[PDB]
């Protein structure tokens, strides 16, 4: 059972099977996750509202990048959406949470409207803590 946050995110995405990833974020947590997703295994597009920050982050991990305009266009074209930024209100509202997509919201506060269809950083830490304890047992 994996404990590091990026290792768990990777494992969840791997089990999901999707290979097109929309990464909405370009800060420390995004930087921790990026090493786990590389072309050609994965096709990551980094998206953000601040284009110079997005570009610089994408250059480091050799990712495609885009300025967010219509987030539905981006969601339609990807299998997995991972948010890891700061937004006053969700960047992705309920009406955009299409079927057959995996949504992982690592933002604080939430980048994605909360619900059973979106797994959150707090939930991934629940997995992490349980595994951290379980691997010390027996």
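Numbering follows the first chain given and starts at 1.
Higher average CA B factor: 16-24, of the stretches 16-24 and 124-132. Between 107-115 and 62-70, it is 107-115 that carries the larger average Cα temperature factor according to the deposited entry. Across the residues 38, 31, 83, 86, the deposited record lists the maximum Cα B factor for 86. Residue 98: CA B factor in the highest third of modelled residues in this chain (values from the PDB entry).
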